[PDB]
Every structure is written in C-alpha cells, then in structure tokens.
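Structure at a glance
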Amino acid sequence: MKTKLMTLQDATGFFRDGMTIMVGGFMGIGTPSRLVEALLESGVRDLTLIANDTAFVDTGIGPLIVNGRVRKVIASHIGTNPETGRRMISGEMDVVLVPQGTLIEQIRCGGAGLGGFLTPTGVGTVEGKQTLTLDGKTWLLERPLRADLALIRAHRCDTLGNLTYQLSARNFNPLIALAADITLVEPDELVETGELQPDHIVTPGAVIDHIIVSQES
Amino acid sequence: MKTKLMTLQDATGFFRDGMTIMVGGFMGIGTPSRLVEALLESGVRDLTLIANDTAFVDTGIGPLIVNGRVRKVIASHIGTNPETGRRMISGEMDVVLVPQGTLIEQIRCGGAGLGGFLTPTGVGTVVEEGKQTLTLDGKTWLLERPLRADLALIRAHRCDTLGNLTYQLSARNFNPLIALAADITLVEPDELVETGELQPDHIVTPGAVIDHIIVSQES
Ligand SMILES: [Mg+2]
Ligand SMILES: [Mg+2]
Ligand SMILES: [Mg+2]
Ligand SMILES: [Mg+2]
C-alpha cells in the first residue's frame, strides 16, 4: 500500500512538541496556509520554525508565533511582524536572523547532505562562527540547516508528488523539500501522474512523502 | 553589443588555445553538438574540458580528445571512452575523476560566488588525495573548491531572443549548471523564439547569464 495520499486531518499526526519545521512562503506568499492552520490546531509547542521571514502577525507562520507555539525562529527578516520582535526582546522566544542569501545556501547545503560552505558574505560582520583562509582570501564557514518536517505549498502536484510552482509563490518551497526528514505538500491542483509536463517538474516526487488531497472549496 | 544573436561561424572567434571550457551533455545527450563541432574545426588545443563525462570516442567531447585538442579533463566518468583512459595512462592527457555529486556542487559554487564546501563524499578514500579534510561535530568532511571556466557551451530546448532558456528533462543535465559558472556563455537552442513566447514559470536559465545565441537551425 503505502500511499502518499492523506487529509488535513491526518496531517495532525505528524506534529509533535519541540520539533523543527521548515515552512514555505515569502512574506506569506506561497505559504501552505492550510498546513500551517493544521499545525496551529494541533496545539503542539516549543517548535523551532525555519522560514524566509515571519510575514505578518496574521500570515505566513505569524499565527504560530502570536499563539506562543514557537520557541525559536530562524529567518532572514522579521521586521513586518512586531510580535516576533516583541517576544525576542521579552526573552520569550529565541530568534536567529540570517542574511537571506546565506539562509538559502544553508538550507540547500542541508538538502544536499553537505557539511557546510564557505561564504565571503558576513565577513567582518556580527562572530560565533569560524573562518577559513583559503588561497588568498578568508571565508566564513556556514553550516547546513535541516528540519524534522517541511510544509510545502505547490501549484500543481501529481499523485507521486512531482511538483511545479508559480513564480512568486515558489521561493523557499522547492528548497525545503530537500532539507527535511518528512515532507508534506499542500497543492493548489492535484492531478494523475502523467499529467504534468516532465520538462517543467521542479521538485521530484521521490522527496515528497505526503500530499493533502482535499481542496479548500 | 546590442545583440546576442550570432552564427556558428561567429562562435569560432571565442575559441583560444589553452582555455577552460564547460560543456553540457550526459553520455553525449544534451550536448551542444554543433558548438562542439565548431570547437573541433577551430583546431585550438591545450584545452581543459569540464563535463559530466567524456562520452564516447565519436560523440560528446570525445572527438576533441581523440584529436589531441585537450590537455586536461575534469569529469565524473570516463569509462565509455577508452581513449580518455589511454591518454591518462600514457601521460598524454591529465584526467581528474571527480565524484559526480561533488563535481556538480563545485560548479554550483563557482556560479554562486562561494569559496568551497565540506562534503562527506570521498572521505577516507583515494578521493581525499591532495585535499584537506576538516572535522566538525565529530564528523570528518572533505574540503572541495569551486569550479569556473572561461567559456560554457550550452544546449537548450527553447530560448528566447534575450537568452531565457528551458530544457527537455532528458537533455538537461549539466547545461543549466554550467551556464552560471563561466565568464562567457554560448547557447545552441533547439528552437529560438521571440521574447514573451516562453512561460515565465518555466524559464530555468535567466537570459542575464547568456551572452550569445546560435540562430541557425539543424546540424
Ligand atoms: Mg521548470
Ligand atoms: Mg525523503
Ligand atoms: Mg563515461
Ligand atoms: Mg555573465
């Protein structure tokens, strides 16, 4: 048997306190909002969330933060969500701010199964990381980032999990699909295998574990 | 400089002795055939070629090798081309066999401006020879450096007049990868179309990294 097919109700079973979860979406755009809602309703806490940003208090992973479900955020920008900053300053939540280009490479590094990469980026800046001197230059050594789970939004998805995306909504989605131990997809459209043009598939079904089969109606 | 459009004859003007060239293709598939023919006809030599493999004696970059135009090959497989091995043994050609995943990441780093990366691939084996390892979190990793080239010869499926490209899955392989890691990029498209004709969601290689496009069709 072992189907990848499942419902939002089944999604609940994949959530547990303290897990690390990667979530797609750029400023809420391309965020698997239904999976995020299921995560919120599950009631799990002490989560570590990895995402491009914390969007707004009501979008992206904003609701999870506002409702106290998150212990740590790793993202590239939190300026548009005052609740993220507030919990950061109140000591209620740990926030690790990472430059976007570097955050993207760390997640890519984790999905590639590598041990780290050398960036010229951040040198002489704010430290805690080690430097490597190679040839004539100095480099900052950044480590890979992986997660227990990834919540992905896709445009089209076939029953095997091959995914395509719309430009704006793409962002972190294909990246995190490779860097999490278990991957859950919320597709705009679910179709039979063979229906997607192979030349345009972005994310291989091989890395997709579960697919939400319902439509928001 | 107000145009990326050119002919195969114009391609000859980019080939110089001793340059490093990245070439697309998987076992000969997805290789920009005509650009490689031009390269061979140009008679240039002492070249360093970077590709997934050395194909067969009569396909991909194989002819460039049999005709002594290559001093060094950096690839992940050379077994289907006996001439590569022969020249490696005789000392006629330098050959650096790189694990495929590693070769891919080296080229990706070259295109991304990174200084290198740590990989578990090859640690504790002959692949370590001549490189440094580094131990982090109790694990030992091999330090690999980025790869770039002077030129990249790319085969694309569809290409618009600005250089935006799409590929057929079966011929894609290294093409989009090398497009980002070379100083100058030349594309041999199956179909050249007007800008606006390609669906933006389907563009894989942005025209910004593409310098010249072959306009003629067929072999
Ligand atoms: Mg595509
Ligand atoms: Mg997996
Ligand atoms: Mg071979
Ligand atoms: Mg360029």
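Residues numbered from 1 in each chain as written, not as in the entry; some residues may be left out. Chains lettered and ligands numbered in written order. Heavy atoms only, no water. Residues with missing side-chain atoms left out of burial classes, pairs and counts.

- In the PDB archive, X-ray crystallography is given as the structure determination method for this entry, at a resolution of 1.90 Å.

Focus: the pattern of salt bridges
- Here the structure, examined in full by the defined rule, presents 24 salt bridges over all chains.
- Where A:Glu83 meets A:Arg86, a salt bridge forms, and the shortest distance between an N and an O atom there is 3.0 Å. Of this pair, A:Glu83 and A:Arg86 both sit in helix α4 (residues 82-89), separated by 3 residues, roughly a single helical turn.
- For A:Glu83, a relative accessible area of 12% corresponds to the buried category.
- For A:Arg86, a relative accessible area of 39% translates into the label partly exposed.
- The closest approach of N and O atoms between B:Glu83 and B:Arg87, which form a salt bridge, is 3.1 Å. Linking B:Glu83 with B:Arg87, this pair stays in helix α4 (residues 82-89), spanning 4 residues, or about one helical turn. With respect to burial, B:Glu83 and B:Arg87 carry one shared label: buried. (Salt bridge = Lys/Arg side-chain N within 4 Å of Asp/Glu carboxyl O. Helix = DSSP H or I, 4+ residues; strand = E, 2+ residues; numbered from the N terminus. Buried < 20%, exposed > 50% of the residue type's maximum accessible area, 1.4 Å probe, protein only.)

Focus on unusual backbone geometry
- Phi at A:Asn171 takes a positive value of approximately 30°, unusual for a residue other than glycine.
- Tracing the backbone through its elements, the reader meets A:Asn171 in the loop between α6 (167-170) and α7 (173-179).
- Even without being a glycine, B:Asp137 presents a positive backbone phi close to 60°.
- With respect to the helices and strands, the residue B:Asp137 is situated in the loop between β7 (133-136) and β8 (139-144).
- Here B:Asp137 falls in the exposed class, since its relative accessible area comes to 68%.

Describing the UniProt feature "binding site: CoA" in chain B
Residues and elements named next belong to chain B.
- In the numbering used here, UniProt assigns the feature "binding site: CoA" to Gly24, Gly25, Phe26, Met27, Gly28, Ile29 and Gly30.
- If you trace the backbone, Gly25 turns up in the loop between β2 (20-23) and α2 (33-41).
- Sequence-distant contacts of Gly25, defined by excluding residues within four places in its chain, comprise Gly30, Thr31, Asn52, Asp53, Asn173 and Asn175.
- Its location among the elements puts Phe26 in the loop between β2 and α2.
- Residue contacts for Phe26: discarding those within four places in its chain leaves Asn52, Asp53 and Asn173. (UniProt positions renumbered as here; feature names shortened; annotations may be inferred. Contact = heavy atoms within 4.5 Å.)

Re the nonpolar core
- Ranked by internal contacts, the top residues of the largest apolar core, which has 29 residues, are B:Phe15, B:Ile21, B:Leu39, B:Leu151 and B:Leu153.
- If you list the elements that add at least two residues to this core, you get α1 (8-11), β2, α2, β3 (47-50), α3 (62-66), β4 (70-75) and β9 (149-160) of chain B.
- Residues in contact with B:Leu153, not counting those within four places in the same chain, are B:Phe15, B:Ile21, B:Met22, B:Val23, B:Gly24, B:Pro32, B:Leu35, B:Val36, B:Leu39, B:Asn175, B:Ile178 and B:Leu186.
- With 27 residues, the next largest nonpolar core counts A:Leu35, A:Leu49, A:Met93 and A:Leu151 among its residues. (Core = buried A, V, L, I, M, F, W, Y, C linked by side-chain atoms within 4.5 Å.)

Structural notes on the pairing of strand β6 (residues 116-119) of chain B
- Burial of the side chains of β6(B) extends over both faces: B:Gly116 and B:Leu118 are buried on one face and B:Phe117 and B:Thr119 on the other.
- As defined by bridge partners, strand β6 (residues 116-119) of chain A adjoins β6(B) across 3 bridges and the pair is classed as antiparallel. Bridge assignment links A:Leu118 to a residue of β6(B), and that residue is B:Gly116. (Pairing = 2+ DSSP bridges.)

Thoughts on the interface of chain A and chain B
- Counting residues at the interface gives 23 residues for chain A, matched by 23 residues for chain B.
- Carbon and sulfur atoms make up 56% of the surface buried where chain A meets chain B, a total of about 1900 Å² over both sides.
- Inspection of the chain A/chain B interface yields 3 salt bridges.
- Ionic pairing is found between B:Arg145 and A:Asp135, a salt bridge with its closest N-O pair at 3.8 Å.
- The interface formed by chain A and chain B contains 9 residue pairs in polar contact.
- Counting only elements with at least two residues in the side of chain A that touches chain B, the list comes to α5 (100-111), β6, β8 (137-142) and α6 of chain A.
- Residues that form the side of chain A that touches chain B fall into these classes: 10 nonpolar, 7 polar and 6 charged. (Buried area = accessible area lost by both parts, 1.4 Å probe. Polar contact = N/O pair within 3.5 Å; in protein donor to acceptor, adjacent residues only side chain to side chain. Nonpolar A, V, L, I, M, F, W, Y, C, P; charged D, E, K, R; others polar.)

Digging into the packing of aromatic side chains
- Summed over all chains, the structure comprises 0 aromatic pairs over all chains.
- Residue placement shows B:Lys139 over the ring face of B:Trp141; its charged tip is 5.7 Å from the ring centre. (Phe/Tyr/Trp six-rings, centres within 6.5 Å; stacked < 30°, edge-to-face > 60°. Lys NZ or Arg CZ within 6 Å of the ring centre and 35° of its normal.)

Things to note about the UniProt feature "binding site: CoA" in chain A
Residues and elements named next belong to chain A.
- In the UniProt entry, the feature "binding site: CoA" is given for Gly24, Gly25, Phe26, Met27, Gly28, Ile29 and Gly30.
- Among the structural elements, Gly28 can be located in the loop between β2 (20-23) and α2 (33-42).
- Judged by its relative accessible area of 25%, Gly28 is partly exposed.
- In contact with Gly28, other than residues within four places in its own chain, are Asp53, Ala55 and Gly60.
- Relative to the helices and strands, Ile29 resides in the loop between β2 and α2.

Some thoughts on α2(B)
- Regarding α2(B), the residues found buried are B:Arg34, B:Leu35, B:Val36, B:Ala38 and B:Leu39.
- Backbone geometry just downstream of α2(B) places B:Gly43 in the positive-phi region, at approximately 65°.

Describing the sheet that holds β8(B)
- One open sheet holds the 6 strands; their spatial order is β7(A)-β8(A)-β6(A)-β6(B)-β8(B)-β7(B), and the pairing between them is antiparallel. Every interior strand has two partners, whereas the edge strands, β7 (131-134) of chain A together with β7 of chain B, have only one. Averaged over all neighbouring strand pairs, the angle between strand axes comes to 30°, with direction disregarded.
- Of the pairings in the sheet, the one linking β7(A) to β8(A) comprises 4 bridges and is antiparallel in character. Its bridge partner lying in β8(A), A:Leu134 is registered against A:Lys137.
- The strands touched by α5(A) are β6 and β8 of chain A; relative to β6(A), the strand with the most contacts, the crossing angle is about 150°. (Axes fitted to C-alpha atoms, helices over the stretch in contact; angles between N-to-C directions.)

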